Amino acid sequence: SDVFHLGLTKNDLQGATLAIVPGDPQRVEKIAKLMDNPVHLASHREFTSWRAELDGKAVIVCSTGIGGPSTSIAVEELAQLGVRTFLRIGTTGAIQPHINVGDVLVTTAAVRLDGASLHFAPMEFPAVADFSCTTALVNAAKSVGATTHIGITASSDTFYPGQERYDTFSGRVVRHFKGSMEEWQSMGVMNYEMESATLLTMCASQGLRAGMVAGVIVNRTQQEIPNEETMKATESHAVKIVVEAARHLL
């Protein structure tokens, strides 16, 4: 296999420069159902990939799995495999009370709560999204009529403690990580996720544009229970936003 994990060839990607980057393998095909001539390329470990075309040009939907490393490896290898533009799709909880379930997040830049981005840049270097990738997403979001928040999201190297989740075994979060929910909250930070800051940092540094969009399917800060359609209905909207935003990056 030409790469390490992905196991893909320059024409196995069909020279595709742009990628769409969900974390989960069953969303890969999903996003790929929106674009023509799709093919599951490969699943090696969490590296399930598909390939379809957009406005006539070959594009790659590829799962990052969870976190900076499998996103790194993916992105690295995707970059090894010729990927210029990366677009991250997903769902999130809002840590900000002005924000609702069903809305759409466009992240301008991220908090580096990983160790993974610290690998591609000296930590002062911000985890930040390319302008043109961010512009597409906005332009794509408004056009399906989204409630669209543009802001910073927090990218954690751990689901629970880095996101200050007390519903785990410990009920404990390290001193360094305690109070950080409000710290990001009042700072205006829209949400939490694990992957971006790596993706953003490594794209920022390397001459590869990145951007990220998400539907808000839950609220870390809010009361009402969302209908079962929470994931599925909001995910359509944002998957469609990420594809259209992609169709405008070509």
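One rule holds for the numbers: they count along the sequence shown, beginning at 1.
Note on 224-232 vs 18-26: mean CA B-factor is higher in 224-232. As the entry records it, the average C-alpha temperature factor is higher for 185-193, out of 209-217 and 185-193. The maximum CA B-factor among the listed residues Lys142, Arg165, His149, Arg88, taken from the PDB record, is found at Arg165. Taking only the listed residues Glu77, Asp103, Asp130, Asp157, the entry reports the highest CA temperature factor at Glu77. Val138: CA B factor in the lowest third of modelled residues in this chain (values from the PDB entry). Ranked against the other modelled residues of its chain, the C-alpha B-factor of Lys57 as given in the entry falls in the lowest third.
In the deposited entry, the Cα temperature factor of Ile31 places it in the middle third of its chain's modelled residues. Per-chain ranking of the deposited C-alpha B factor places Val111 in the middle third. In the deposited entry, the Cα temperature factor of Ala42 sits in the top third of values across the chain's modelled residues.
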